[PDB]
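Worksheet for the structure shown next.
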Amino acid sequence: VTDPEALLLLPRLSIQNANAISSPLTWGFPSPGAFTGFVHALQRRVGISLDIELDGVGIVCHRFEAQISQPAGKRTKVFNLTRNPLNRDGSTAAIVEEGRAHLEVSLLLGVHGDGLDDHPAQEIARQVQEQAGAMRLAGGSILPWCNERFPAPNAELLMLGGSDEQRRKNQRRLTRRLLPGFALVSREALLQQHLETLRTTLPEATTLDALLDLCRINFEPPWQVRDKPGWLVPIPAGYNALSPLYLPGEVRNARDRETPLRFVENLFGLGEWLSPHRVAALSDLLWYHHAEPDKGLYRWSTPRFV
Amino acid sequence: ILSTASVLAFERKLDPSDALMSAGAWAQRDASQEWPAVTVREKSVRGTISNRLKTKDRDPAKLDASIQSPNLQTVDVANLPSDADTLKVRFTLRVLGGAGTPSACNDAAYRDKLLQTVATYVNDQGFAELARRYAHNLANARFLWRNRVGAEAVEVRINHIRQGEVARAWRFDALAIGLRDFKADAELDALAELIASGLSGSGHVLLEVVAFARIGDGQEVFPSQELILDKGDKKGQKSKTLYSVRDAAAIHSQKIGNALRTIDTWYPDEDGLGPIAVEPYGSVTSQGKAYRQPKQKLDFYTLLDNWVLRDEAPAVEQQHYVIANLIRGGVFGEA
Amino acid sequence: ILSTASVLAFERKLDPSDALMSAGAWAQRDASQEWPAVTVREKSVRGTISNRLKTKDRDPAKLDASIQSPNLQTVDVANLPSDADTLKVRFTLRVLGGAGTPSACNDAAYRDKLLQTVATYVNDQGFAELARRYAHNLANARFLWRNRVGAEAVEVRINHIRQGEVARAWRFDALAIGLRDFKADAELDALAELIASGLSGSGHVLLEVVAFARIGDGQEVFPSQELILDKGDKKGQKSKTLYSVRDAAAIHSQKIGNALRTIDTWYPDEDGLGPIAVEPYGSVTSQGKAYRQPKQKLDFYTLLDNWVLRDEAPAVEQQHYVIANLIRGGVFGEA
Amino acid sequence: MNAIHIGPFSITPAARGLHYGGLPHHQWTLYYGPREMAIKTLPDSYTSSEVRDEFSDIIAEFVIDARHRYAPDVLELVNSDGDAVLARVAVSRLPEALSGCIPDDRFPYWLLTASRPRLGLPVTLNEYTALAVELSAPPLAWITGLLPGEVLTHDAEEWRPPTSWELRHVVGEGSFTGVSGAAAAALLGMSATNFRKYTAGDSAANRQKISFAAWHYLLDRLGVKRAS
Amino acid sequence: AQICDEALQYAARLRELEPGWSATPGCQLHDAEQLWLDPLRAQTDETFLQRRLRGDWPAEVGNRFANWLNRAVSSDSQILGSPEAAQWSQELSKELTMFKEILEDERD
């Protein structure tokens, strides 16, 4: 919703057991809403004391490992589980199938505020790094890099460049820092135009079928494969309204009785993983919240991408 | 009903060793036991367009653009040293015998009938015309394939190595004994009876064959050429690879055996070409055609099936061709 | 029905050996038997940036940073010894014959028609003009390519070896025999008659050609340049290597053969430049322009097809060119 | 459990049984003729259908391989220049007149072979139709690669009757031609039980051997041989 | 573009290897590409090879990769006769210009 005055690079963060089930329809890399919520929790915890705002997160995902296995005779996969403790009668409890993933991601954070002029860049960078080293990113603990060879501090780069060439060199150096990974971006325009292409191909086609067609490998008879522009993952694109926004004390057993609750349904969109050298600026990769609370639509996206 | 056996594999008689190439000088061939071997070296070739264009590369601009991108290659080359004009080729030939007996035969009764057919052949005429023609191919250096088309003088020495020592020596002139005529000579007849005793089963025959060719000082000698995997870059393409055994150029053994096999003159086509190799359906790779077609009923299989199954014995020339194929050997019978 | 054969592989005639390079002094050439061979050596070069820039390297500071880092190579150079102003180059040439007979062919009818066409050509006008032009290309040191360009005096000796001994010696003077004029000389007619006897199959011809060029004391000679795989570093990048056989710099045999093939003065463009090489589509790689384009129907393939199939015999110089292409050999046919 | 006969293939399980993990299993082997192919251990619980579809991959692979192995030759009708291919015909047997050839400007049409060594003949269009009529390959001619030369000869003295396996290539079930036993009976003009007799091999019982004319007419109707 | 992206990605995981693997002994180890293969050997050698990558600024290696990318094109004369080869060479030159510019500022 705003252009960041600076970009803070949180380095390689090893998230231990992240929620591999991103959505009721998708598994794998966690939701971008988890990353945006983590950055908002960082702004809630240490952002206010530094007189800065932390909005917008760019994910690089340097490493992914899924705690999964492939059973023999099946082409699908299953989630490795954890043994929950027994009940009070000594019996095994009912198992809820929860999957885990070891992530290694680096985050670009959009920083704007007067506190950037009040503190050194390395000071606020080290403060938000040591705050983020005791938090969670998708349900997993963050490994804070103890007793390895060379630890990685941040590099907060001011986006108000004095010259266009110096700004370009700064963005290329920051892209070179986060090199072995893929920027995950939102593709609402690509999914909508593919929906229009399928509607010209066949009418009454929903956005779900256009999302599904952009993920399966289509085999065409003369036997070739229908190509895709990018990786084109199905991402959770936010939450849509399923109920009116009830009063803060209205909903029974809410998390807090001061925040209003509204039952939601998952919104599914198309995301794309790209090499981060294929972007004009690294501020395009930032994932922003977008509530629009009168109509539900509690989305996260990448505005100012293309 | 005495049908043909489904499996009729035959072992080859007249097994040649790999023909090692060395380099040397004329009149030193009586002491050519220390001669340095011909080494397969490398040289770079730059080429322009010299093939037929398929009516789309015939435009002047496209042809000139193809000229400005020459095809650079590296070729394995075999040349004599500048003080060496003589190319020496040495191989051993082992004559086994028992050409009637197949290595594999499904039908006993067919095996007995084929053995009786070969026995009645040998009782009619032994391994004498075939051994004479094989001895003629020994005497001329037909195993020197392209190292004889421009050779000034070729000489072949054949030794009978009985107990690791020369039991009988023969020296020949490979240019006087041509590649066309199967004449008669006393030393050629003695080598014919030696190959006859080898092929019948009278004794063990091992022949050491040494060849000397007056090509020229530093000229290119032609070994057998290998097969190219075609994996590297187009600059160092390695279009041609020659055959060597231990840092030493050589001819393939089956090439020597095919050149010794070149005795078949009884094919139904004319004698304008001369002898061809004794193949089933009389195939010649250079001419790209098959003498002794199955349509003209003079291939090996029709002649053998008439000779064995229904006792229709062919002419003695076709009997020689059939027994020469049995000496040559192969996977006969239906797969 | 006489279609052109799909394969028409021709063995090359005028087979040259690899031309070894040694160095010495002038008028010691008669004692040039044990001259020290030219050895390829290494020398280091650093260079300024001197190619044409693409309008973005033309900035002053960026070009300044370019010249501040000169590029480094190790080039193989071939130089004479300082007590040597004369370069000796030795090769042998084999004249085979049977120029119209392909080594590999598909259609026997087309092969017989091409053989009859070549025999008809030999019948009216035998191998005399082509052999005279090849004798001229032996007479001038065209195989000393950049290697007689700045020579004060060039001399060529062509000896005829019969039984390991010299038969006819042809001492020449390559300054008199020009690189453009195909005149007549009695010794050149004698060498033409010898190459005529070799090309017609009358006898075996092996010629030892030695060229002495007076370049300068310790100057640069120009052997054949090889191909570099570029598997080293960038400082010692080895950007240029020169060809040698055994610690002795030399010229490639195909370069000598392309030098002897430069007899083609009958290309449809202007012949004031001089002779070009015998080749299909008349393609010289220095000019980058093909004379005898297939548009003008003066190339080898159109003339050969018109001569053999349609029996449209071309101009006499053009059938000289066609038979010279058959002498040089090729992979004519479908490619 | 027992062998599943799919095409010429037999999925024969092993008599012995094992219990990998906590489940029973069986060594199932895919036989093409007397030759085994791909072998996989199938749990006893697996259904016969599961077994078949499981090996279906190997089955399909073999079929594809065979088709490629015996793909018929293809002659090209080209113009005088020879670079442009106006027509392509899948030949059954190459003509007996073509030789090393390349199209010449003299003749407007030339027939050539698909391989590099282009052997051919200069023919007009009516002779091209005549050659295409007498030497065309039927659509399922690749199965003639899998059959021996004795069962495909047109001479009765050299003709050998097909076995149960050789007939079972192309009669019923998941065959290479895809037809059923009743369809192959209706092609030959007789009822299902008698055709089944020919199809049935084993002992002399129901081993009525199919005749030479009936086998060649069946090959004609299935588009495998002689179907121009 | 995706292919040269993966090349950078390959170099990216070459940042995960040993600091001095390029200094190991060997007859052939692609020393022309070794200035970009191992950027960390400038930490290993103070002046033996640290100044070499700075002075040389190796950006021609992608041209070698372009040669490998020239093995990714079809061997069709119809593309070379028409302007399809011209468009292929134009987009190849633009993308390896971007690749060489990426490889130029590796020293920062």
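Which residue fluctuates most in the GNM of chain D (Cα springs below 10 Å): D:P162, D:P117, D:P139?
Most flexible of the set in this elastic network: D:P117.
In nm, give the distance between the simple-model label positions of B:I161 and C:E165, each being 7 Å from the Cα along the Cα-to-Cβ direction.
Result: 3.7 nm between the two label points.
How high is the relative contact order of chain E? Use alpha-carbon pairs under 8 Å, at least six apart in sequence, and give a whole percent.
Numbers: 62 pairs, mean separation 31.2, N = 108.
Here the relative contact order equals 29 percent.
State to the nearest 20 debye the size of the charge dipole of chain A about its Cα centre, where the only charges are +1 on K and R beta carbons and -1 on D and E beta carbons.
1100
Out of E:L69, E:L40, E:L80, any idea which swings most in a Gaussian network model of chain E, alpha carbons joined below 10 Å?
The residue with the greatest mean-square fluctuation here is E:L80.
Per DSSP H run of at least 4 residues, take -39500 (n - 2.57); add these up for chain C, divide by its residues and hand me the 222 nm value, nearest 500 deg cm²/dmol.
-7500 deg cm²/dmol
Rounded to the nearest 500, what is the 222 nm mean residue ellipticity of chain E from helices alone, with -39500 (n - 2.57) per DSSP H run of 4+ residues and division by all residues? The partial results should precede the final answer.
Values: 7 runs with 62 residues, N = 108.
After summing the helix terms and dividing by residue count, I get -16000 deg cm²/dmol.
Round to the nearest 0.05 the FRET efficiency obtained for A:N87 and A:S243 when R0 = 30 Å and r is the Cβ-Cβ distance.
With a Förster radius of 30 Å, E is 0.35.
Hey, got a sec? Which chymotrypsin sites (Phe, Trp or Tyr not before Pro) in segment E:1-55 land in a DSSP loop and have at most 12 other Cβ atoms within 10 Å? Can you show the working numbers first?
Working: sites: E:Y10, E:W21, E:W36, E:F48; in loops: E:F48.
Answer by residue number: E:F48.
Shielding of B:208-219 by partners, i.e. mean partner chain Cβ atoms within 10 Å per residue?
4
Which Cα, out of D:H25, B:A174, A:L160, lies furthest along the positive dipole direction of the protein assembly as shown (beta carbon charges, K/R +1, D/E -1)?
It is D:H25, whose Cα lies furthest towards the positive end.
I want to check the label-to-label distance for A:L297 and A:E265. Put each point 7 Å from Cα in the C-beta direction and report it in nm to one decimal.
Distance between the two pseudo-spin positions: 1.7 nm.
Taking θ as phi - 60°, what are the ³J(HN,Hα) couplings along segment B:156-168 by the Karplus curve (6.51, -1.76, 1.60), each to the nearest whole Hz, with x for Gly and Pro?
Per-residue couplings from phi come out as 10, 10, 10, 10, 8, 8, 7, 9, x, 9, 6, 8, 7 Hz.
Assuming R0 = 35 Å, can you tell me the calculated FRET efficiency for the pair D:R67 and B:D230, based on Cβ-Cβ distance, to the nearest 0.05?
The computed FRET efficiency comes out at 0.85.
Based on DSSP H runs of at least 4 residues, each adding -39500 (n - 2.57), what is the mean residue ellipticity at 222 nm of chain A after dividing by all its residues, to the nearest 500 deg cm²/dmol?
-6000 deg cm²/dmol
For a paramagnetic label modelled at 7 Å from the Cα of C:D185 toward its Cβ, which residues of segment C:234-259 fall within the zone defined by backbone nitrogen distances under 17 Å?
none
How many nm is it between the label spots at A:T200 and D:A38, if each spot is 7 Å from the Cα in line with the beta carbon?
4.1
Which of C:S239, A:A93, A:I21 sits closest to the plus end of the dipole of the protein assembly as shown, meaning its Cα is farthest towards the positive end, when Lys and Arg get +1 and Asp and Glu get -1 on the C-beta?
A:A93
Could you tell me which of B:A248, B:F300, B:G288 has its Cα farthest along the dipole of segment B:218-335 towards the positive end, charges placed at Cβ (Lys, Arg +1; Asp, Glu -1), taken about the Cα centre?
B:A248
Taking neighbour Cβ counts within 10 Å as the exposure measure, how do B:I327, B:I256, C:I67, A:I68 sort from fewest upward?
Listing B:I327, B:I256, C:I67, A:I68 from fewest to most nearby Cβ atoms yields C:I67, A:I68, B:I327, B:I256.
What are the ³J(HN,Hα) values, in whole Hz, obtained from phi via the Karplus relation 6.51 cos²θ - 1.76 cosθ + 1.60 with θ = phi - 60°, for each residue of segment D:177-193 in sequence order, with x given for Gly and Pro?
The phi angles translate into 7, x, 8, 9, x, 5, 5, 5, 5, 5, 5, 7, x, 10, 7, 6, 6 Hz.
Determine the dipole magnitude for segment A:4-181: charges of +1 sit on the beta-carbon of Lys and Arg, -1 on that of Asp and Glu, nothing else is charged, the reference point is the Cα centre, and the result goes in debye to the nearest 20.
Magnitude of the dipole: close to 1000 debye.
Let me make sure I get this right: for segment A:4-181, a, b and c are the square roots of the gyration tensor eigenvalues over alpha carbons, sorted descending. Under 1.5 in a/c it's rounded, otherwise prolate if a/b > b/c, else oblate. Which is it? If you can, show how the numbers build up before the last one.
Details: a/c = 2.59, a/b = 1.94, b/c = 1.33.
Note, shape of segment A:4-181 comes out prolate.
Explain nothing, just compute: Karplus ³J(HN,Hα) = 6.51 cos²θ - 1.76 cosθ + 1.60, θ = phi - 60°, for every residue of segment A:121-135 in order, whole Hz, x for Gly and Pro.
3J(HN,Hα) across segment A:121-135, in whole Hz: 5, 5, 5, 5, 5, 5, 5, 6, 6, 6, 6, 6, x, 10, 10.
How high is the FRET efficiency from D:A204 to B:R310, r the C-beta distance, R0 30 Å, rounded to 0.05?
Once the sixth-power term is evaluated, E becomes 0.55.
Select from B:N106, B:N147, B:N159 the residue whose mean-square fluctuation is largest in a Gaussian network model of chain B (Cα-Cα springs shorter than 10 Å).
B:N106
Under a Cβ-Cβ cut-off of 14 Å, what is the net charge of the residues other than D:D57 that fall near it, where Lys and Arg count +1 and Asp and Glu count -1? Write down the numbers at each step before the final one.
Values: positive: A:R75, D:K40, D:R52; negative: D:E50, D:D53, D:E54, D:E61, D:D65.
Computed value for this residue: -2.
Test of the criteria: in segment B:187-249, which GluC sites (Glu not before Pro) are in a DSSP loop and have at most 16 other Cβ atoms within 10 angstrom of their Cβ?
Listed in order of number, the matching sites are B:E226.
With contacts defined as alpha carbon pairs under 8 Å and 6 or more residues apart, what's the relative contact order of chain C in percent?
27
May I ask you to list the GluC sites (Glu not before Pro) in segment E:16-108 that are in a DSSP loop and have at most 12 other Cβ atoms within 10 Å of their Cβ?
Details: sites: E:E16, E:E33, E:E46, E:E60, E:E84, E:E91, E:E95, E:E101, E:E104, E:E106; in loops: E:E33, E:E46, E:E60, E:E106.
The qualifying sites are E:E46.
How large is the dipole of the protein assembly as shown about the Cα centre if only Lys and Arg carry +1 and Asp and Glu carry -1, each at its Cβ, rounded to the nearest 20 debye? Let's see the in-between values first.
Numbers: 148 positive and 165 negative charges, 214 e Å.
Using only the charged Cβ atoms, the result is roughly 1020 debye.
Among residues other than D:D83 whose Cβ falls under 14 Å from its Cβ, what is the net charge (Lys/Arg +1, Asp/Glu -1)?
-2
Only the coordinates and a few stated rules stand behind these numbers; no lab work does. Positions of Cβ are generated from backbone atoms using ideal geometry, with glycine treated the same way; all protein chains shown enter the neighbour counts.
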